[PDB]
Each structure stands twice: as C-alpha cells, then as structure tokens.
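Participant: before the rest arrives, take these chains from my complex:
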Amino acid sequence: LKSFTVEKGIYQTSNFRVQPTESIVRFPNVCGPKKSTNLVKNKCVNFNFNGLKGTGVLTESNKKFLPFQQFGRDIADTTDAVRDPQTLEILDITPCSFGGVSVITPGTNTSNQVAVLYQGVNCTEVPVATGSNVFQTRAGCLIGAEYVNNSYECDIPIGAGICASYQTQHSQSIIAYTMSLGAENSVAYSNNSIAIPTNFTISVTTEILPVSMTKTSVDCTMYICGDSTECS
Amino acid sequence: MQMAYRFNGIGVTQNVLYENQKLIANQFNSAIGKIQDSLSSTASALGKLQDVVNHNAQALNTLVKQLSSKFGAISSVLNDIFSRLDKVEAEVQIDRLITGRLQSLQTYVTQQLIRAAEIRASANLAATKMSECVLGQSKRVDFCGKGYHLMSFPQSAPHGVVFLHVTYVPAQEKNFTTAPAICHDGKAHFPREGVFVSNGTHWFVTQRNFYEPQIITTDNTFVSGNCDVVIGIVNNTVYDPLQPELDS
Amino acid sequence: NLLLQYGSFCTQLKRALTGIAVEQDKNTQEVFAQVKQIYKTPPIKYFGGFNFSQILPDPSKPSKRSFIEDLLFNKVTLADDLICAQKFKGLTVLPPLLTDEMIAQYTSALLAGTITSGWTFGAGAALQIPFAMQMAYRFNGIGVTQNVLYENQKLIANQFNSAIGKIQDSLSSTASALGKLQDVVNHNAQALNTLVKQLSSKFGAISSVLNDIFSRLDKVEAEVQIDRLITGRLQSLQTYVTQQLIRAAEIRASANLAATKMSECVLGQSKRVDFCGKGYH
C-alpha cells in the first residue's frame, strides 16, 4: 500500500509458488551427453521426457495413447500427458499448486495480529509450501485463525461463506466463522387471521451518490516530449 | 398539509397525522438529531465520494509516475538520447519512449472513459432520484428509503449528492380474526377500504398498516354477491347508520 | 526484471481485476440479501388452493434447493477439465462469497416473507395474512375489484398450478432457454481460452517460447526479442482486462436491474408497464 498505516480488511500481497522438490530426466532405454534419472510420481518435481522439460506433478495415470503418439495436449494445446521413454504407459502432467496470498488483519489503528489466507490451496501442504491456528476452507487455507461455530455478521470476508473477525478469546485474537444471514422467524400462516400493527414510527436514513469526477485535460507535446523541438 | 398529502399516498387517511402531530414532529426532530450525531461520529460514512476523489487522485498519480518509466528504452530522459547516441538508434529510442507514453496515455483515457460511463450511470440514477423523491414521492419500493416513502432532502457534497430519506415503519404488532367478506341476510359485504377484523366478540374494519377499528356499516362496505360465492365467509349483522336517522 | 522497465502496468491490472472481483460479491449481496431475517416455511401448506411446493425448497435434498432451482442448475453446462490449462498459466478463479446453499436460504426467506406476509417483510416485521384479500388487493392493484377472485379462487388456483406445471415442463425439457447465463459462462470460457492461446503467437519474434530466445541468443538481441514478446503479451492482457471491464459494466447494469426487479416486484407490486413481463403484474 506504500503507507505506514494499514486499515482493517483483507489485502492482496505477493503470491506463493510450490517449488519442485527434485529434477526428473527420462531418456530411452543413443541418448545425449546427459543421462536419465528415476521416475517420481504424485509429487511436485521438475520433469524431462526426451527434451520436453518443465515442472509438474507426474501422476499414476491410466491414459490410453496410440502407439505412435508420444505426447498429448489440452484443449488450449498445453502439454498434459507424455509417453515416458523408460515406461511406455502414459503419465499425466499437472504443474504444481500456487495461489494468491491475502493478509487478513485488523487495522494498525487497533492491533497488529496477522491472519494469512492462501486462496484455493488446501491446508495439507500450505504451511510447508508456520501454523498453530489452521482452518481448511473450500475457498482456501487459513493460517492464524481459529474456527468458531458461533455465527455473526461478516466482519472481513474470506470466501465460501467464511468470515474472519477480531474478538476476545478467555485475549484478543482473529477467529473465523460461517456467516450469519440474520435471525430466524416463523410466520404462522392461517387463513382465519391477519396481523396489523398498532403504532408506527418515523425514521431517517442516508443515501450517498456520486454525481461527477475531476475534469482533466492533457497537452500532447508537453507530456510526451517535454518541450523538445526535435521530439515534437 | 404536505404531511397529509404524503400520508395519503401510503394508505393513511388525513386525520392520522394530526392525532399524533406533536409525537410525529418530536420523533422527526429526534431522528434529525440522531443523524447529526451519526454524521459527526462516523467519519467512514462518505465512502463513495471519498472513493471518487481517491480514484481521480490514484489515476493522476499513476499517470504522472509513468513519465519515469523507460518502456524498454535506454532512459526516460530524452537528453540522454539526444547527447549520447547517433540518430539511427536515437529514433528507435524515441519511438520506444513515445509509443510507451502514448500507450500509457491511451490506458489513462480508457480508464477515464469507463469510469465516466460509470459516473454517468450514477448521475442518471441521482437525477432520477432527485426528480422522483425531491420533486415528488417515490411509489417504487426500496428506491428512496426502506419502507413507505415520505420525503428526501438533497444535500450538496464534494463530487456528489446526499439524500436524507424519511421513512415510515410500523412498530407494534397485534393479531386479529379475519374474513374475506361478511354475509348479512344473503348479502356478501365487500369493504371499499380496509380488512375485516374480529376481536373475539365484535367485528370491525381496520386499515392494513396501522390499527384503526370501525364498526362495519353499509357506508364502508359494498354488496355484489350472496353468501355462497365468497369462500370462507362468516356472518354478522351489518349495522345501518340510517337506522338512528330513520328514528329522527 | 525487463517487465519492471515497463513499470506499473501490472499493479493497475491487478487493482482493476480486484475491483471487478469485489464488485461481483457486492452484486450478489445487493441482489439476494435484501431481507433482514431468514424466514422459514410454515407447516400449513393450503396456500389458498395454490401449489408452491416446488418453488419452495425440497426437504429431501442434501442441499435443500427447490425443484426448479435444481432444473436450472442442471441445465447450465459448465467449464468444470477446462480449468486445468488456464490455472497453469497464472489465471485463477476465485470462489464466490455467497455459496448456492445460502442463496437457496435467502430465496427461501424471500419466498416465506412474500407468501406468509405479502410485501410487508421488506419494510418491517413479517406478519400473517391470507391470500383471498392478498391477491384481491393485488387485483385491486391492477384496476379490478376484489370480489372477482373471491368468486374464482379455485379456478385461479388451478390456473396458477397449471402455469407452474408448464414452467416446470419447459425448464425440464429445454436447456437452451437459459441463454444469457450460458452466454456468460461461454464468454468467460472463450476469453480465458483466447488469453491462453495468445501465448502461442510469436508476435513477430523468432519464437513464442521465452527459453528459446533467452538460452541461445546474445543479450542485446535476446532482450529485443523478449521486449517484442512482452509487448505482445502485455497488449493481449490489457485488451483482456479492458474487455473484462466493459463486461463488468454490463454485468453491473444487469445486476442493478435485477436488484430493482427484486425490490419492486418481489417486495412489491409494480405499476410500470412491461417492466416485469407482459400484462399486469
């Protein structure tokens, strides 16, 4: 934000990437000056298949390919499956997990306790992609908040209905909860009866609407060239 | 009389203002004092106009800071191009700088055009709310104020306008027995206004918004059918106000 | 680092996309969450001879949506896998704040308010009222006296049930009736697919792969070719973000219209001609 004061809310920060654990090279079983390695499945590694490099989670895929078909591609022509030269069964390739990082905190006017959101990524790998308050959500993993079953109005939105609030917990901490949509009210329908109120009040509310914005105008040569004659 | 007009549009007869006139005025003045306290306390209330100011300031401060961008050139200072180069690459660097600054200016103009379309939509909405609630009474639900609309007052603001919507909310509930019609000696009575209410022993008519019982007469009801046609009909002797006048 | 020389394009692109993303949740909140309390269904189901049972939520469902809601959720074809290759190229999809279970609960609350209380649930507290006088004053809201529907309650009830059955048959039999939502999903899918497919464009350089330029050429000419590739890809991304902004203005106009339709025709009875369908509303 380029500011020394950060207010209350959810704020986007620099993202995170799951780096490859190893590097895997596959060559036919005459190859080049470099030599192949062993296969690693279901983990984030670098891959190489006869020159087709990259980083991906190689899988235990059961894809059926035609015998001449060495590679495959997605609908957007991105390479999704390869034929390993060592093992001619087909391995589907999915490059590793990542996501945007959002910081959920109350304002520095109030406090400096930090809860971190990892959007769309499961908590099974997030703190080693430090923890101590972990909540798993379909919208993404959450570090630094404790889940509370008590439903309230949404303080800071996270995603998939979960909202985070700053409350004393018995002490101040950040706690996540499923949002409350309001109270619950059953109106007993019965055709013998109506219900009409007796006393009425008068109340005043507020509505705010923008009408205009700042008028601006731009000189060509002064902006682009800055009073240079040969630039003009 | 203006309050008698505004109540007349929301299902309230003219007399109901004057029967609570001091109380209505006191509640109105208390609500004005409450919104004085709310505007004095909440410094985050004016979010949209401060957001308009922040949008304009951010757009100008990010267009101005793009002058220092090289856009892949040797420098954004043109005298470095004009003093440390021959012209055959200097024209290439000029082309890069002019194309980058013109692209940034095009981006700023496109952002201003999109935001001007959004601000024009908001200003058309504000002019419609002006013409419908300052110049009239809004018959459209949840347009000016939640509930039955009474007034709205325009207040000037930096790059915008602020309305003070005065609403009408019923508060104290009660339940009564009802009938779609009441049949007296083969005449189904349809009320011209109001719904039949029964307190247990007697039958009354009452307006749908606040409690106002009146004895069911022939003046407030009209007949166009018999007992059989109305489903869920009950019996009561419809009293005739002509009957004391017949004995006069 | 060569993208840093172009400066602050990426930050304002991220700001514009986040301003779209928060606006989507604001649109959903202002369309659906127009009611203070979650009203529930009463056990008495004789709604003046009507049949609201399949617009009301089905209690046998795991996620208790209504039957017509289940039809609309089944008719829309969805990019599920289409989500793989766009994910791998830096494009993410954020989940919506209000899940469809809570949209179902909000619609159930609006239904229970509209059915058990008329249009009074939007102003203050919901209060019970029968349907003979309710549809009679709504019939009085269109210029005919209240006595006609007291005479013809059963005929109008079976007419409304037959119209509900015809809508049920049409939404069971036609997936192409949901054109505009399928147009929204198709537009987003083709925009993302066009954005991913424009990485393959060489943009007049020797290759559309950055490693082919970087790993072999000398540094000045490789910087020239990467500048060409960055200029082409950034022009593509700026065009994508600009078209998303125009589509966001269109979606904002549609969501404001839908919120007005909710607040005027679900929470009331509109006097506008042909605003909520042909004929008197």
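Facilitator: Nice, I can see it. Numbers count the residues shown, from 1 in each chain, chains lettered A, B, ... in the order given.
Participant: A helix includes residue B:224, no?
Facilitator: No: the assignment for residue B:224 by DSSP: H, G, I helix; E, B strand; the rest coil gives strand, which leaves it out of any helix.
Participant: list the residues that contact it.
Facilitator: B:188, B:190, C:145, C:147 (CB atoms under 8 Å, 6 or more residues apart in numbering or on different chains). Every residue, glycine included, has its C-beta placed from N, CA and C.
Participant: check residue C:170 too.
Facilitator: Counting by CB under 8 Å, 6+ apart, residue C:170 touches residue C:177.
Participant: can you tell me the SS state at it?
Facilitator: Applying three-state DSSP: residue C:170 is helix.
Participant: how about residue B:219?
Facilitator: coil.
Participant: excluding chain neighbours, what is closest to it?
Facilitator: residue B:241 (6.2 Å; CB to CB, 6 or more residues apart in numbering or on different chains).
Participant: please enumerate the strands of chain B.
Facilitator: For chain B, the strands defined by DSSP state E occupy B:151-157, B:160-172, B:175-177, B:182-184, B:187-191, B:195-198, B:203-206, B:214-215, B:221-225, B:234-235.
Participant: for residue C:131, find the nearest of the ones you listed.
Facilitator: strand B:195-198 (12.7 Å; CB to CB).
Participant: what about the closest one and chain A, any contact?
Facilitator: Yes: applying CB under 8 Å from any CB of the partner chain, one finds strand B:195-198 in contact with chain A at B:195, B:197.
Participant: contacts for that strand?
Facilitator: Contacts for strand B:195-198 (CB under 8 Å, 6+ apart): A:194, A:196, B:176-179, B:181-182, B:203-206, B:208, B:213, B:216, C:133.
Participant: okay, which residue of the chain is out on the far edge from center?
Facilitator: Let's take chain A. residue A:192 (54.1 Å; CA atoms, centre = their mean).
Participant: oops, wrong one, chain B.
Facilitator: residue B:86 (66.4 Å).
Participant: add chain D to what we have:
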Amino acid sequence: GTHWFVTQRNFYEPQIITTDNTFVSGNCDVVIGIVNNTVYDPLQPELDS
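Facilitator: This next block brings in chain D, placed alongside the chains you saw above:
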C-alpha cells in the same frame, strides 16, 4: 344492449348506474356525446320513516 352499465377495467362486471358508483359534475350541455339513464339510488327507498 339497452341497459347502460358501469364496468371495471379488466373484468366485465356490469352494475346499474347508481349514485354510490357515480359522481356529479356539470349540466348536460357542454359534454360530448352523452346519453340518458334512470340513475338508481339504493339508499333512497329506505328513507320512508
């Protein structure tokens, strides 16, 4: 036919022209294309007391 009636806007429900459903304004000279009726009053025969 020969019986002039007041009718609602959307449903053909004809009722006899009474003072309960009609109001009076002006004499029968300035208005255009107007006809005759024996206007009933339901309250009128009840007053014999």
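Participant: the contacts of residue B:224 again please, this time with chain D.
Facilitator: Counted by CB under 8 Å, 6+ apart, residue B:224 has contacts B:188, B:190, C:145, C:147, D:13, D:15.
Participant: equivalent analysis for residue C:175, please.
Facilitator: Per CB under 8 Å, 6+ apart, neighbours of residue C:175: C:75-77.
Participant: which of those residues lies closest to residue A:102?
Facilitator: Scanning the contacts of residue C:175 for proximity to residue A:102, where the rule is CB to CB, the winner is residue C:76, at 29.0 Å.
Participant: for residue C:244, see how far away the closest one is.
Facilitator: 21 Å (CB to CB, to the nearest Å).
Participant: who's more crowded, the two?
Facilitator: residue C:244 (19 against 12; other CB atoms under 10 Å in any protein chain shown).
Participant: and the more buried one, how far from chain B?
Facilitator: Residue C:244 sits 11 Å away from chain B, going by CB to the nearest CB, to the nearest Å.
Participant: how about that residue, secondary structure?
Facilitator: At residue C:244 the chain is in helix, as set by three-state DSSP.
Participant: can you tell me which of the contacts of residue C:175 lies nearest to chain B?
Facilitator: Nearest to chain B among the contacts of residue C:175 is residue C:76, at 28.4 Å by CB to the nearest CB.
Participant: these two touch, right, that closest one and residue C:183?
Facilitator: No: the pair formed by residue C:76 and residue C:183 falls short of the contact definition of CB atoms under 8 Å, at 10.7 Å.
Participant: dump the residue contacts of the residue of chain C positioned farthest from its centre.
Facilitator: Within chain C, the residue lying farthest from the chain centre (CA atoms, centre = their mean) is residue C:218, at 51.5 Å. Applying CB under 8 Å, 6+ apart, one finds that residue C:218 lies in contact with no residue.
Participant: what do you get if the cut-off is 10 Å, keeping everything else the same?
Facilitator: Residues near residue C:218 by CB atoms under 10 Å, 6 or more residues apart in numbering or on different chains: residue C:224.
Participant: which one of the contacts of residue B:224 is nearest chain A?
Facilitator: Using CB to the nearest CB, residue B:190 comes nearest to chain A of those, at 16.0 Å.
Participant: here's chain E, add it to the model above:
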Amino acid sequence: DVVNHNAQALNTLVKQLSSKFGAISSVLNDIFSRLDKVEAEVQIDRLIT
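Facilitator: Alright, chain E goes in next:
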C-alpha cells in the same frame, strides 16, 4: 454527433496509414522495392504494429 463520431472515427482510421510509425515510408511496396526482405520485414513490422 453519432453520425459525426462514426465518420470521424473512420476518417481517423484512414489517415493513420499515412503515419510512418518510425518506418522509412508509408507505402509498403516502396520498402519492398528499395530494400531486400530482411530489413524490409522490420519496417513492415513497425507499420503493422
């Protein structure tokens, strides 16, 4: 204003073919005739961009 916006946009699209955009000439075939193809495609590249 709608008609003038359409005519002005089409005309402004027309005269920017005269804009050389840092290339040697507005006409492509002059660049093809004067130079061989290798630098010519660079000049045409600037024109097309």
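Participant: in light of the added chain E, please revisit the contacts of residue C:175.
Facilitator: Counted by CB under 10 Å, 6+ apart, residue C:175 has contacts C:71-72, C:74-77, C:182.
Participant: can you do 8 Å?
Facilitator: Counting by CB under 8 Å, 6+ apart, residue C:175 touches C:75-77.
Participant: dig out what the residue nearest in space to the middle of chain A forms beta bridges with.
Facilitator: For chain A, the residue nearest the mean C-alpha position is residue A:119 (2.1 Å; CA atoms, centre = their mean). Beta-bridge partners of residue A:119, counted by DSSP bridges, are residue A:140.
Participant: that one contacts residue A:160, doesn't it?
Facilitator: No: counting by CB under 8 Å, residue A:119 sits too far from residue A:160 to count as a contact (10.8 Å).
Participant: which residues of the stretch 101-250 of chain C lie near chain E?
Facilitator: residue C:204.
Participant: what about the helices in the stretch 101-250 of chain C?
Facilitator: All helices of the stretch 101-250 of chain C, identified by DSSP state H, counting those that start in this stretch, fall at C:131-140, C:147-151, C:153-173, C:179-197, C:210-214, C:219-261.
Participant: now those in CSV, with distance to residue A:140?
Facilitator: Output for the helices of the stretch 101-250 of chain C, formatted as CSV (distance: least, CB to CB, whole Å):
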stretch, distance to residue A:140
helix C:131-140, 46
helix C:147-151, 53
helix C:153-173, 34
helix C:179-197, 20
helix C:210-214, 29
helix C:219-261, 22
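Participant: any idea which of the ones you listed is most buried?
Facilitator: When you average the neighbours per residue for each of the helices of the stretch 101-250 of chain C (mean count of other CB atoms under 10 Å in any protein chain shown), helix C:147-151 leads with a mean of 22.
Participant: pull that one out as CSV, backbone CA atoms only.
Facilitator: Provided in CSV are the C-alpha atoms of helix C:147-151 (Å, rounded to 0.1, in the frame of the first residue of the first chain):
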residue,chain,number,x,y,z
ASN,C,147,-65.0,-9.6,-5.4
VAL,C,148,-63.9,-11.4,-8.6
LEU,C,149,-61.2,-13.5,-7.1
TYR,C,150,-63.4,-14.3,-4.1
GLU,C,151,-65.8,-15.8,-6.7
